[PDB]
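Written below as C-alpha coordinates is the structure these notes are about.
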Amino acid sequence: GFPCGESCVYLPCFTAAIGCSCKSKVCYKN
(Lines of atoms letter the chains of each structure in order from A and count residues from 1; the text may use other names and numbers.)
(Lines give C-alpha, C1' and ligand atoms only; values in the text may rest on other atoms or scores of the structure.)
Protein backbone atom coordinates (compact mmCIF):
# COMPACT_ATOMS: atom_id res chain seq x y z
CA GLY A 1 0.00 0.00 0.00
CA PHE A 2 3.02 2.32 0.29
CA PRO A 3 5.03 3.71 -2.63
CA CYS A 4 8.70 2.79 -2.73
CA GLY A 5 9.90 5.99 -4.43
CA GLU A 6 10.48 4.45 -7.85
CA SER A 7 8.67 4.77 -11.17
CA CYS A 8 8.01 1.68 -13.27
CA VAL A 9 6.66 3.60 -16.25
CA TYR A 10 9.51 2.04 -18.24
CA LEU A 11 12.08 0.31 -16.03
CA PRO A 12 11.19 -2.48 -13.61
CA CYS A 13 11.21 -1.94 -9.85
CA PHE A 14 14.73 -2.53 -8.60
CA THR A 15 13.14 -1.88 -5.19
CA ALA A 16 12.00 -5.48 -5.60
CA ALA A 17 15.16 -5.99 -3.49
CA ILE A 18 13.16 -4.57 -0.52
CA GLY A 19 9.89 -6.18 -1.50
CA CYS A 20 8.32 -3.68 -3.89
CA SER A 21 6.50 -4.57 -7.10
CA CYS A 22 5.20 -2.56 -10.03
CA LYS A 23 1.52 -1.62 -9.70
CA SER A 24 0.34 0.35 -12.73
CA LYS A 25 3.54 2.31 -13.21
CA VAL A 26 4.36 2.90 -9.52
CA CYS A 27 6.58 0.69 -7.39
CA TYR A 28 4.58 -0.24 -4.29
CA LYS A 29 4.77 -2.44 -1.22
CA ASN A 30 1.78 -3.17 0.99
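The backbone N, Cα and C atoms fix where each Cβ goes, and this holds for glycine too.
Features of the protein shown, as given by Swiss-Prot:
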- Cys4-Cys20: disulfide bond (DISULFID)
- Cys8-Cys22: disulfide bond (DISULFID)
- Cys13-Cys27: disulfide bond (DISULFID)
* Cα-Cα distance linking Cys4 (disulfide bond) and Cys22 (disulfide bond), given in Å to the nearest integer -> 10
* Structure fact -> Quick tally, other C-beta within 10 angstroms, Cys20, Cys22; top of the disulfide-bonded residues is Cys20
